[PDB]
Amino acid sequence: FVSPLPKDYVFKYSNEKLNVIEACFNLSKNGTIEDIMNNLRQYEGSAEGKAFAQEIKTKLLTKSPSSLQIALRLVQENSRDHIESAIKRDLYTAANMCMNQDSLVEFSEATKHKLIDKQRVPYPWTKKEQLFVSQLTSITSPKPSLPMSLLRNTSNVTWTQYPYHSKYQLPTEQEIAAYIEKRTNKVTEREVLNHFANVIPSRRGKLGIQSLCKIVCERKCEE
Amino acid sequence: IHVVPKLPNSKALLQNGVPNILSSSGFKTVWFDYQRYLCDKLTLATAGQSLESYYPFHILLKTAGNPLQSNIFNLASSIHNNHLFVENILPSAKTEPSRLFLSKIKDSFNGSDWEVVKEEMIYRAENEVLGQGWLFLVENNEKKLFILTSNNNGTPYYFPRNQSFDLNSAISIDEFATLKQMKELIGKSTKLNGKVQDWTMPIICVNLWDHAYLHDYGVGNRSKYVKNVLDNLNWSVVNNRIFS
Amino acid sequence: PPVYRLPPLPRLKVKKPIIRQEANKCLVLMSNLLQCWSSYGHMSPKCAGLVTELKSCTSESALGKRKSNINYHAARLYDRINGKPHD
Amino acid sequence: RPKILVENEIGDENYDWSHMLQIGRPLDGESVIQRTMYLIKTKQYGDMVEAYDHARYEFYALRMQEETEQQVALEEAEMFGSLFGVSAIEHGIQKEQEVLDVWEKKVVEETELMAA
Amino acid sequence: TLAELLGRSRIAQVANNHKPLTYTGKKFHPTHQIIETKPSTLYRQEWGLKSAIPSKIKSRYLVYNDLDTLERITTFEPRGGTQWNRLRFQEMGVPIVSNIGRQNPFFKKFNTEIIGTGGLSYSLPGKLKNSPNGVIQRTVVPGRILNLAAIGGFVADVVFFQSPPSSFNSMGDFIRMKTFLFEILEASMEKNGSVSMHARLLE
Amino acid sequence: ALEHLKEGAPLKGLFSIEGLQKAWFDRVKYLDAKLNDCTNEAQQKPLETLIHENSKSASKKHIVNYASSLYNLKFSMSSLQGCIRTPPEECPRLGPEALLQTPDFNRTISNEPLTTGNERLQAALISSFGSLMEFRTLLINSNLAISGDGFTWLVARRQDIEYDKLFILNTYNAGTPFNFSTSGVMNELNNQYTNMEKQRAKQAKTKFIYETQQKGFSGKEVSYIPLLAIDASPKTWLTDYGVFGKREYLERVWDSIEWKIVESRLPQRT
Amino acid sequence: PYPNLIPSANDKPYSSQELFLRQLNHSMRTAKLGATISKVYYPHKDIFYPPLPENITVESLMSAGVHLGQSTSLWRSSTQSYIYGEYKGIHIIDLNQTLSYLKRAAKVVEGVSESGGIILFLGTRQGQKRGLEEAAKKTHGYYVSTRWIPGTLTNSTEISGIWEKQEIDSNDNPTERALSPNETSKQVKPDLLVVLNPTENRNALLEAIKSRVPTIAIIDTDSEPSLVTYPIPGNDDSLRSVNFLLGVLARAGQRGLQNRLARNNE
Ligand SMILES: [Mg+2]
């Protein structure tokens, strides 16, 4: 039941913009929102890409710092760990946000400003500083004060990565890179496209897969 | 829809033009704009007709005999002739003229030199065509070559549309007799369309329209331009379009 | 106008197809001669060439020279040309 | 004016009906109608009839220009010693002639039949 | 949507009519849209219609009424003579002008009547036509006399200085065989859409 | 030669400081020099008279052609004047989109003779062409069609110097607008050819056809008094307007015609 | 090349053959010169360069003429779900539906080709033969243009008795060993019957369902869609629309064949 994309279709995220995102948002073990902002500030390359980076820095500034930091803290941990534990962690941090003991996540007021009161104008914020790592952990972790538990499924199963997503969507850059490496141990773009668009039985008739592969090749590999 | 073909080293051409004969602007005027314009006109003429599918040369050959739809013929003729001219010009895609070609020339022009032949061609160009036109060095079913001038969009291929001399001005007795003979030959053809057989092939087309020279050489100096073109042309291409 | 649709038939065919060939030349000449002899008495020389022409025609045999595929087409195209509803 | 109905890629086209003369499409009543529809959409002419008239008037000028082009091209050809073996009217006459010849022999035979 | 595409598309563009393909009455202008193929498309029997068209048809042009009928055949006739009449008229180059003192309709609820000419001529009357021999004053056209004269796909009224007996009376009702030259004076167009030409017999 | 144009400052309407020179001053020089090279005489005299003298002659052909070229250009330029529109040096050159633009000649009308007197001329034009707009369309479209070296001519049918009816004709490379000088040359050549053949019907029929084409409604021959010329050659308009701006150029020319001169040229009617 | 060409003397003009060769050379090098013609339909190009099932759109189907159903008066109401509306006294086939069914059909064609099944392309109409043969060539498959003798599958031993059978690798190499007379006489049934005019050969369809063979058909607005396993709604009368669908199917089967060959090589 799919259909091809129109002939005027252009992939919104250009190559230079993707490259600058890669440069900025990739972080080490102890990365921060502040570090990201610094990276954005000091990026150098294409003029359009620089303008984009500036724009995204501006919109980060506009948004709340504490929430962004919390999200940053969550995401690395979630990437490391398995689904159920990640869900539990998310639930715990939501609970903490709801019942802020330390008073360091101005959430309910911000929601009122936005959802209840008025759509226009951003919230001014009343808390802007670099939270400590221990504090961040406490924010996104449980305690014996309140009992917490997810509702039991029929299939009470736990896994580190999705069992059925990878087959039935467009193939990640990482998978393409792995394939290229395997091929190496000549290689060319057309051959790669054929492999992805014909050989793989789950991804034979994927819609914009060849274009994606071409974009990936443009971005990463060289002649 | 008819669109202009991608020339080899196009970006380089755009930057420079052609080393000796045509400037960056002058080359744009003759090709990157004028050729495009011609193609657009041809498309407009032949959008919904059966002619849309055919190439310019094949369109011209189809159209040649028809008195009406002469506009289509003219456009098609121009497009083909202009691209032949550009092909002749191009630096690459140093090459000398072929030995076979030289031997053929010698056979044709009473054992004269190639420089002499060039000089005769430029003289013909100067004298024959007033206003616009084309200057071909052609080869016919008799293996000898000859010089063929055309007055605006006259094709070297099909002799009834050679468009070789202007009856707007006064003409000679010999020319008139030749015309009469041609007409007779045409009448002798005996087909429903009424189209004779002809096997004339162009070897060196030159563009005597103002779209080539006028920017660089001014309103005069068309002869000089023609000479320059003759001096610096793609010889490999010429050699390729010579042997049977 | 009033259209007339037939029912489903076993086989559309004309019982006898007429070719409609031209009438014989010799017969025509004979008729002309007869007409001439009605006038001008029995055998006057006004019809001198006509009799000769008739003789020339009817020298080898009494007549000089000696089918339309319409059924094959009807038979071919009946099933198409029907307005017979689907199966 | 003959019409080719065998479609070229319907997806490939991209006509701005700001004007009539599109590239892949020829000049015809269709183009007029498309122009009328465009006018209606844009509300330059709120009324449909007025938009139609406007489109018709745009078409007419283009047609006149086309007509002039061909005639002048023919004139040019005549001037510069081009030779057309069979003109359209001459062709038509020739076509008529064969039919007439066919008729004549048949008609004579029919008259002979009638006589006898 | 699909519906929009259908409305745009080349079969929707052909305006429908159920006029007779065989009309033995008076034909003053084209009845049906002429439809051509390319040679390639003809070779594989494709005309851009509902069905394939019979391989018996070798002409590139045709006329039709129904894409498909109850008889399981497209109602068509393989002929496009009307284009040739128009082309002949163009060749003749006699510009149609309204003999009544009126403005040219192409310059400046619905009127179904024919707007000026039906589009056989968008030529304007003021031009001359030069040639090698000179400026053509009198338009020379070959035609056939019927009894009126058939002149390049149009019947035309005729006039002359003296009625020539040698050509006429030698073959009284076989005048159609011999082609005579004509000088076309002018072409008027009446309300019914008939082109009323007027010629003059040359000898 | 002309007064209204000069080398330093061209017309504000049509041409530019360099483009005008390319169109006119250089061309004229080229032609005159060529004419001098051909003929030992340096006396200009009239051009028309020279053409009449040397017409119907293959030996004296080139000179005639050069005279025609010179005369036609001069005739074109005499008609022209200044304009309201901006110079092409300021404006941008038209691209491939110019081809697809609908012309406004059918609907719009501008710069008529009536606005600067010239009433009788306008009436004559109307009589000839039905209307002013119709005339304009006939003129401009014809000029566009020429596509090459040529000239569009508004003319008057000479039968005091009386005239019958106004007309318009195109003429190419170095063709004269006067019919009488070249009328029946082809027929004469045909006759000569027939004589030569005899020395060594269909031909008679062709001759008869030629004769009837040539001869008018009454008089032995016909001639045309030119009132307006408009050049069609790339030489003029390629410099300013580029390839695609021929129509624009023609429009500009039309806007900037001095109709008083045309009216003066127009003789009395019968 | 051209070993028997007797070339004319240098003093003499070109011979007829020599002239023809010169013309051919000109055509190859410099005839298709002046311009290039983008966006135009060549009939042959649909047979030799059909698009993949993915890249087909509704617009392409409409251009092909697949949307044009039989007629308003020749309506099998069994086919009601497939039809979009009526226009010009003709039912018009819903083309999104057509697309989805075509894709489904294309996938099954690919699958049987991959498995190494015998695909059989049946097309009794006049112009269909050449394109049918091309499709059959594309996948290592079979076709029928000259009429289907009733009982090729049901009564196989009588009809298809005296024709040569073969052996085949995991690749498509003849591996020419002698087939035993017992080994030869067994029926060789198709694993996909694909018809271009199911309304004209009901019989073939009936034997397929008796003989237990899945079948694909271009169901027009007068055809029974229940008579086949995988109906593609569309215009079976026009030659070019059929070719387009058929060519697509061939391409799908070709792909599957290529994949099978690749996995054999592996
Ligand atoms: Mg059917």
# chains A, B, ... in the order shown; residues from 1 in each chain; ligands from 1

$ residues_near_ligand --ligand "ligand 1" --cutoff "10 Å" --atoms "only C-alpha atoms and all ligand atoms" --output "list in words"
residues 50, 51 and 72 of chain E; 69, 70, 71, 74, 196, 197, 198, 199, 200, 218, 219, 220, 221, 222, 223, 234, 235, 236, 237 and 238 of chain G

$ interface_residues --of "chain G" --to "chain B" --cutoff "8 Å" --atoms "only C-alpha atoms" --output "PyMOL selection string"
chain G and resi 10+12-14+18-19+21-23+25-26+29-42

$ closest_residue --among "D:11, D:81, D:2, D:46" --to "chain G" --atoms "only C-alpha atoms"
D:11

$ select_by_dssp --residues "region 91-227 of chain F" --states "alpha helix (DSSP H)" --output "ChimeraX atom specification"
/F:119-129,132-146,185-199,202-214

$ atom_distance --atom1 "CA of residue 115 (chain F)" --atom2 "CA of residue 224 (chain F)"
26.8 Å

$ closest_atom_pairs --of "chain E" --to "chain C" --cutoff "12 Å" --atoms "only C-alpha atoms" --output "tab-separated table"
residue	atom	partner	partner_atom	distance
E:69	CA	C:83	CA	9.6
E:70	CA	C:83	CA	5.9
E:71	CA	C:81	CA	4.4
E:72	CA	C:80	CA	5.9
E:73	CA	C:81	CA	8.0
E:74	CA	C:81	CA	11.6

$ closest_atom_pairs --of "chain B" --to "chain F" --cutoff "10 Å" --atoms "only C-alpha atoms" --output "JSON lines"
{"residue": "B:29", "atom": "CA", "partner": "F:243", "partner_atom": "CA", "distance": 7.3}
{"residue": "B:30", "atom": "CA", "partner": "F:243", "partner_atom": "CA", "distance": 9.1}
{"residue": "B:33", "atom": "CA", "partner": "F:243", "partner_atom": "CA", "distance": 6.9}
{"residue": "B:34", "atom": "CA", "partner": "F:243", "partner_atom": "CA", "distance": 6.1}
{"residue": "B:35", "atom": "CA", "partner": "F:243", "partner_atom": "CA", "distance": 9.7}
{"residue": "B:36", "atom": "CA", "partner": "F:96", "partner_atom": "CA", "distance": 7.8}
{"residue": "B:37", "atom": "CA", "partner": "F:96", "partner_atom": "CA", "distance": 6.5}
{"residue": "B:38", "atom": "CA", "partner": "F:243", "partner_atom": "CA", "distance": 9.9}
{"residue": "B:40", "atom": "CA", "partner": "F:99", "partner_atom": "CA", "distance": 7.9}
{"residue": "B:41", "atom": "CA", "partner": "F:99", "partner_atom": "CA", "distance": 7.8}
{"residue": "B:44", "atom": "CA", "partner": "F:100", "partner_atom": "CA", "distance": 9.0}
{"residue": "B:71", "atom": "CA", "partner": "F:145", "partner_atom": "CA", "distance": 8.7}
{"residue": "B:74", "atom": "CA", "partner": "F:147", "partner_atom": "CA", "distance": 9.5}
{"residue": "B:127", "atom": "CA", "partner": "F:62", "partner_atom": "CA", "distance": 8.6}
{"residue": "B:128", "atom": "CA", "partner": "F:62", "partner_atom": "CA", "distance": 9.7}
{"residue": "B:129", "atom": "CA", "partner": "F:173", "partner_atom": "CA", "distance": 9.2}
{"residue": "B:130", "atom": "CA", "partner": "F:173", "partner_atom": "CA", "distance": 6.2}
{"residue": "B:131", "atom": "CA", "partner": "F:149", "partner_atom": "CA", "distance": 5.1}
{"residue": "B:132", "atom": "CA", "partner": "F:148", "partner_atom": "CA", "distance": 6.1}
{"residue": "B:133", "atom": "CA", "partner": "F:148", "partner_atom": "CA", "distance": 8.7}
{"residue": "B:151", "atom": "CA", "partner": "F:173", "partner_atom": "CA", "distance": 9.3}
{"residue": "B:152", "atom": "CA", "partner": "F:148", "partner_atom": "CA", "distance": 6.8}
{"residue": "B:153", "atom": "CA", "partner": "F:148", "partner_atom": "CA", "distance": 9.2}
{"residue": "B:166", "atom": "CA", "partner": "F:173", "partner_atom": "CA", "distance": 8.5}
{"residue": "B:167", "atom": "CA", "partner": "F:186", "partner_atom": "CA", "distance": 8.9}
{"residue": "B:168", "atom": "CA", "partner": "F:175", "partner_atom": "CA", "distance": 5.2}
{"residue": "B:169", "atom": "CA", "partner": "F:175", "partner_atom": "CA", "distance": 6.1}
{"residue": "B:170", "atom": "CA", "partner": "F:56", "partner_atom": "CA", "distance": 5.4}
{"residue": "B:171", "atom": "CA", "partner": "F:58", "partner_atom": "CA", "distance": 5.1}
{"residue": "B:172", "atom": "CA", "partner": "F:58", "partner_atom": "CA", "distance": 5.0}
{"residue": "B:173", "atom": "CA", "partner": "F:189", "partner_atom": "CA", "distance": 7.0}
{"residue": "B:174", "atom": "CA", "partner": "F:193", "partner_atom": "CA", "distance": 9.7}
{"residue": "B:175", "atom": "CA", "partner": "F:58", "partner_atom": "CA", "distance": 9.8}
{"residue": "B:176", "atom": "CA", "partner": "F:189", "partner_atom": "CA", "distance": 7.2}
{"residue": "B:177", "atom": "CA", "partner": "F:193", "partner_atom": "CA", "distance": 7.1}
{"residue": "B:180", "atom": "CA", "partner": "F:190", "partner_atom": "CA", "distance": 8.7}
{"residue": "B:209", "atom": "CA", "partner": "F:148", "partner_atom": "CA", "distance": 8.3}
{"residue": "B:210", "atom": "CA", "partner": "F:234", "partner_atom": "CA", "distance": 6.5}
{"residue": "B:211", "atom": "CA", "partner": "F:234", "partner_atom": "CA", "distance": 7.6}
{"residue": "B:214", "atom": "CA", "partner": "F:235", "partner_atom": "CA", "distance": 7.4}
{"residue": "B:215", "atom": "CA", "partner": "F:239", "partner_atom": "CA", "distance": 7.5}
{"residue": "B:218", "atom": "CA", "partner": "F:22", "partner_atom": "CA", "distance": 7.0}
{"residue": "B:219", "atom": "CA", "partner": "F:27", "partner_atom": "CA", "distance": 6.3}
{"residue": "B:220", "atom": "CA", "partner": "F:30", "partner_atom": "CA", "distance": 6.6}
{"residue": "B:221", "atom": "CA", "partner": "F:30", "partner_atom": "CA", "distance": 9.8}

$ residues_around --residues "residue 102 (chain A)" --least-positions-apart "4" --cutoff "10 Å" --atoms "only C-alpha atoms" --output "JSON, numbers by chain"
{"A": [96, 97, 135, 139]}

$ residues_around --residues "residue 143 (chain G)" --least-positions-apart "3" --cutoff "7 Å" --atoms "only C-alpha atoms" --output "PDB file with N, CA and C atoms, in the first residue's frame"
ATOM      1  N   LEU G 120       4.365 -18.900 -16.692  1.00  0.00           N
ATOM      2  CA  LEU G 120       3.764 -19.026 -18.016  1.00  0.00           C
ATOM      3  C   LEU G 120       2.905 -17.802 -18.332  1.00  0.00           C
ATOM      4  N   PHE G 121       3.311 -17.045 -19.354  1.00  0.00           N
ATOM      5  CA  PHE G 121       2.636 -15.808 -19.757  1.00  0.00           C
ATOM      6  C   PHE G 121       1.693 -16.039 -20.943  1.00  0.00           C
ATOM      7  N   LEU G 122       0.388 -15.906 -20.703  1.00  0.00           N
ATOM      8  CA  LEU G 122      -0.641 -16.272 -21.682  1.00  0.00           C
ATOM      9  C   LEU G 122      -1.318 -15.012 -22.238  1.00  0.00           C
ATOM     10  N   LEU G 132       5.221 -10.339 -24.747  1.00  0.00           N
ATOM     11  CA  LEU G 132       5.037 -11.593 -24.004  1.00  0.00           C
ATOM     12  C   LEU G 132       6.286 -12.471 -24.065  1.00  0.00           C
ATOM     13  N   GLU G 133       6.853 -12.580 -25.267  1.00  0.00           N
ATOM     14  CA  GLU G 133       8.075 -13.364 -25.506  1.00  0.00           C
ATOM     15  C   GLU G 133       9.261 -12.759 -24.746  1.00  0.00           C
ATOM     16  N   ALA G 136       8.900 -13.539 -21.068  1.00  0.00           N
ATOM     17  CA  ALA G 136       9.271 -14.952 -20.914  1.00  0.00           C
ATOM     18  C   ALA G 136      10.777 -15.175 -20.940  1.00  0.00           C
TER      19      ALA G 136
END

$ select_by_dssp --residues "region 21-242 of chain B" --states "strand (DSSP E or B)" --output "compact mmCIF listing (two decimals) with C-alpha atoms, in the first residue's frame"
# COMPACT_ATOMS: atom_id res chain seq x y z
CA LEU B 22 34.93 32.75 -29.49
CA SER B 23 34.83 34.56 -26.12
CA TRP B 134 25.85 28.72 -43.13
CA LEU B 135 29.12 27.67 -44.81
CA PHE B 136 29.53 23.91 -45.35
CA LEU B 137 32.28 21.81 -46.88
CA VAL B 138 30.25 18.77 -48.00
CA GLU B 139 30.75 15.33 -49.57
CA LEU B 145 34.00 17.17 -51.84
CA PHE B 146 32.64 20.66 -52.54
CA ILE B 147 31.83 23.98 -50.87
CA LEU B 148 28.17 24.71 -50.06
CA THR B 149 26.78 28.04 -48.80
CA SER B 150 23.25 28.37 -47.37
CA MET B 201 27.02 14.85 -45.93
CA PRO B 202 28.57 17.89 -44.18
CA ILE B 203 32.28 17.67 -43.24
CA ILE B 204 32.93 21.27 -42.02
CA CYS B 205 29.85 23.32 -41.12
CA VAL B 206 30.53 26.96 -40.15
CA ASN B 207 27.94 29.32 -38.65

$ closest_atom_pairs --of "chain D" --to "chain F" --cutoff "7 Å" --atoms "only C-alpha atoms" --output "JSON lines"
{"residue": "D:19", "atom": "CA", "partner": "F:101", "partner_atom": "CA", "distance": 6.4}
{"residue": "D:21", "atom": "CA", "partner": "F:100", "partner_atom": "CA", "distance": 5.0}
{"residue": "D:22", "atom": "CA", "partner": "F:100", "partner_atom": "CA", "distance": 6.8}
{"residue": "D:58", "atom": "CA", "partner": "F:102", "partner_atom": "CA", "distance": 6.4}
{"residue": "D:61", "atom": "CA", "partner": "F:106", "partner_atom": "CA", "distance": 5.5}
{"residue": "D:62", "atom": "CA", "partner": "F:102", "partner_atom": "CA", "distance": 6.8}
{"residue": "D:65", "atom": "CA", "partner": "F:141", "partner_atom": "CA", "distance": 5.6}
{"residue": "D:68", "atom": "CA", "partner": "F:142", "partner_atom": "CA", "distance": 6.0}
{"residue": "D:69", "atom": "CA", "partner": "F:145", "partner_atom": "CA", "distance": 4.6}
{"residue": "D:72", "atom": "CA", "partner": "F:145", "partner_atom": "CA", "distance": 5.8}
{"residue": "D:73", "atom": "CA", "partner": "F:145", "partner_atom": "CA", "distance": 6.9}

$ residues_around --residues "region 198-212 of chain F" --least-positions-apart "5" --cutoff "7 Å" --atoms "only C-alpha atoms" --output "VMD selection string"
(chain E and resid 138 140) or (chain F and resid 187)

$ write_last_selection --atoms "N, CA and C atoms" --output "CSV table (one decimal), in the first residue's frame"
chain,number,residue,atom,x,y,z
E,138,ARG,N,-2.6,38.7,-57.9
E,138,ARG,CA,-3.6,37.7,-58.1
E,138,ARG,C,-3.2,36.3,-57.7
E,140,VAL,N,-3.2,32.6,-57.8
E,140,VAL,CA,-3.5,31.5,-58.8
E,140,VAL,C,-3.6,30.2,-58.1
F,187,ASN,N,10.2,35.7,-65.1
F,187,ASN,CA,9.5,35.4,-66.3
F,187,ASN,C,10.4,35.6,-67.5

$ closest_residue --among "E:147, E:196, E:85, E:41" --to "chain B" --atoms "only C-alpha atoms"
E:41

$ residues_around --residues "region 26-41 of chain D" --least-positions-apart "3" --cutoff "9 Å" --atoms "only C-alpha atoms" --output "ChimeraX atom specification"
/B:43-49 /D:1,16-23,44-56,58-59,62-63 /E:8,13-14

$ residues_around --residues "residue 80 (chain G)" --least-positions-apart "3" --cutoff "10 Å" --atoms "only C-alpha atoms" --output "list in words"
residues 75, 76, 77, 83, 84, 85, 91, 93, 221 and 222 of chain G

$ write_last_selection --atoms "N, CA and C atoms" --output "PDB file, in the first residue's frame"
ATOM      1  N   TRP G  75     -21.043  -4.215 -18.122  1.00  0.00           N
ATOM      2  CA  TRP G  75     -20.581  -4.207 -16.746  1.00  0.00           C
ATOM      3  C   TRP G  75     -20.899  -5.520 -16.047  1.00  0.00           C
ATOM      4  N   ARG G  76     -19.855  -6.184 -15.557  1.00  0.00           N
ATOM      5  CA  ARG G  76     -20.005  -7.274 -14.610  1.00  0.00           C
ATOM      6  C   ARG G  76     -19.968  -6.613 -13.237  1.00  0.00           C
ATOM      7  N   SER G  77     -21.090  -6.637 -12.522  1.00  0.00           N
ATOM      8  CA  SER G  77     -21.203  -5.937 -11.231  1.00  0.00           C
ATOM      9  C   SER G  77     -20.374  -6.600 -10.124  1.00  0.00           C
ATOM     10  N   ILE G  83     -13.949  -0.268  -9.295  1.00  0.00           N
ATOM     11  CA  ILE G  83     -14.187   0.837 -10.224  1.00  0.00           C
ATOM     12  C   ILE G  83     -14.344   2.147  -9.427  1.00  0.00           C
ATOM     13  N   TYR G  84     -13.756   3.215  -9.962  1.00  0.00           N
ATOM     14  CA  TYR G  84     -13.660   4.529  -9.317  1.00  0.00           C
ATOM     15  C   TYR G  84     -14.913   5.367  -9.563  1.00  0.00           C
ATOM     16  N   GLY G  85     -15.266   5.509 -10.837  1.00  0.00           N
ATOM     17  CA  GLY G  85     -16.516   6.144 -11.261  1.00  0.00           C
ATOM     18  C   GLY G  85     -16.730   5.909 -12.744  1.00  0.00           C
ATOM     19  N   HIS G  91     -16.661   2.865 -17.498  1.00  0.00           N
ATOM     20  CA  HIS G  91     -16.253   2.723 -16.098  1.00  0.00           C
ATOM     21  C   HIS G  91     -14.755   2.934 -16.007  1.00  0.00           C
ATOM     22  N   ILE G  93     -11.355   2.558 -13.666  1.00  0.00           N
ATOM     23  CA  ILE G  93     -10.859   1.654 -12.646  1.00  0.00           C
ATOM     24  C   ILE G  93     -10.086   2.459 -11.604  1.00  0.00           C
ATOM     25  N   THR G 221     -13.207  -4.161 -16.392  1.00  0.00           N
ATOM     26  CA  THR G 221     -14.506  -3.885 -15.765  1.00  0.00           C
ATOM     27  C   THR G 221     -15.655  -4.801 -16.275  1.00  0.00           C
ATOM     28  N   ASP G 222     -15.351  -5.738 -17.182  1.00  0.00           N
ATOM     29  CA  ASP G 222     -16.293  -6.805 -17.573  1.00  0.00           C
ATOM     30  C   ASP G 222     -15.863  -8.226 -17.158  1.00  0.00           C
TER      31      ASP G 222
END

$ closest_atom_pairs --of "chain D" --to "chain A" --cutoff "12 Å" --atoms "only C-alpha atoms" --output "CSV"
residue,atom,partner,partner_atom,distance
D:10,CA,A:7,CA,11.9
D:11,CA,A:7,CA,8.1
D:12,CA,A:7,CA,7.8
D:13,CA,A:7,CA,10.2
D:14,CA,A:8,CA,10.3

$ write_last_selection --atoms "N, CA, C and O atoms" --output "tab-separated table (two decimals), in the first residue's frame"
chain	number	residue	atom	x	y	z
D	10	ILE	N	2.52	11.77	-17.29
D	10	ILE	CA	1.59	12.74	-16.70
D	10	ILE	C	2.15	13.34	-15.40
D	10	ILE	O	1.86	14.49	-15.07
D	11	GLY	N	2.94	12.56	-14.67
D	11	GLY	CA	3.61	13.04	-13.46
D	11	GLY	C	4.72	14.06	-13.69
D	11	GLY	O	4.93	14.95	-12.86
D	12	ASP	N	5.42	13.94	-14.82
D	12	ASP	CA	6.58	14.80	-15.13
D	12	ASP	C	6.24	16.28	-15.36
D	12	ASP	O	7.08	17.14	-15.10
D	13	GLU	N	5.04	16.56	-15.86
D	13	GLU	CA	4.65	17.93	-16.23
D	13	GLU	C	4.47	18.86	-15.03
D	13	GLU	O	4.26	18.41	-13.91
D	14	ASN	N	4.56	20.17	-15.30
D	14	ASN	CA	4.55	21.20	-14.26
D	14	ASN	C	4.24	22.58	-14.84
D	14	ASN	O	5.11	23.45	-14.96

$ atom_distance --atom1 "CA of residue 36 (chain E)" --atom2 "CA of residue 94 (chain D)"
22.8 Å

$ interface_residues --of "chain D" --to "chain E" --cutoff "8 Å" --atoms "only C-alpha atoms" --output "MDAnalysis selection string"
chainID D and resid 1:7 30 49 57 60:61 63:64 67:68 75 78:79 88:90 92:93 97 100:101

$ interface_residues --of "chain D" --to "chain B" --cutoff "6 Å" --atoms "only C-alpha atoms" --output "NGL selection string"
:D and (24-26 or 70 or 73-74 or 79-86)

$ write_last_selection --atoms "N, CA and C atoms" --output "compact mmCIF listing (two decimals), in the first residue's frame"
# COMPACT_ATOMS: atom_id res chain seq x y z
N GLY D 24 5.85 21.42 -22.94
CA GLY D 24 5.45 20.07 -23.38
C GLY D 24 4.09 20.02 -24.06
N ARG D 25 3.21 20.93 -23.66
CA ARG D 25 1.86 21.04 -24.20
C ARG D 25 1.82 21.97 -25.43
N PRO D 26 0.99 21.63 -26.45
CA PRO D 26 0.76 22.52 -27.58
C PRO D 26 -0.30 23.59 -27.28
N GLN D 70 4.46 30.90 -40.06
CA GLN D 70 4.50 29.89 -41.12
C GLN D 70 4.55 30.52 -42.51
N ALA D 73 7.92 32.23 -43.09
CA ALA D 73 8.88 31.14 -43.31
C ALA D 73 8.81 30.60 -44.74
N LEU D 74 7.57 30.46 -45.23
CA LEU D 74 7.31 30.03 -46.61
C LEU D 74 7.84 31.05 -47.61
N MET D 79 11.99 32.97 -51.48
CA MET D 79 13.02 33.96 -51.81
C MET D 79 14.40 33.34 -52.02
N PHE D 80 14.81 32.47 -51.10
CA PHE D 80 16.17 31.90 -51.12
C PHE D 80 16.31 30.62 -51.96
N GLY D 81 15.41 30.41 -52.92
CA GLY D 81 15.54 29.34 -53.90
C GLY D 81 15.29 27.95 -53.37
N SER D 82 14.42 27.83 -52.37
CA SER D 82 13.97 26.52 -51.90
C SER D 82 12.96 25.99 -52.90
N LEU D 83 12.89 24.67 -53.02
CA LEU D 83 12.03 24.02 -54.01
C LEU D 83 11.17 22.95 -53.36
N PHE D 84 9.85 23.16 -53.41
CA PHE D 84 8.87 22.23 -52.88
C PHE D 84 8.22 21.50 -54.05
N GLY D 85 8.41 20.18 -54.10
CA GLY D 85 7.95 19.37 -55.21
C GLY D 85 6.44 19.24 -55.32
N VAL D 86 5.78 19.08 -54.18
CA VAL D 86 4.33 18.93 -54.11
C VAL D 86 3.76 19.84 -53.02
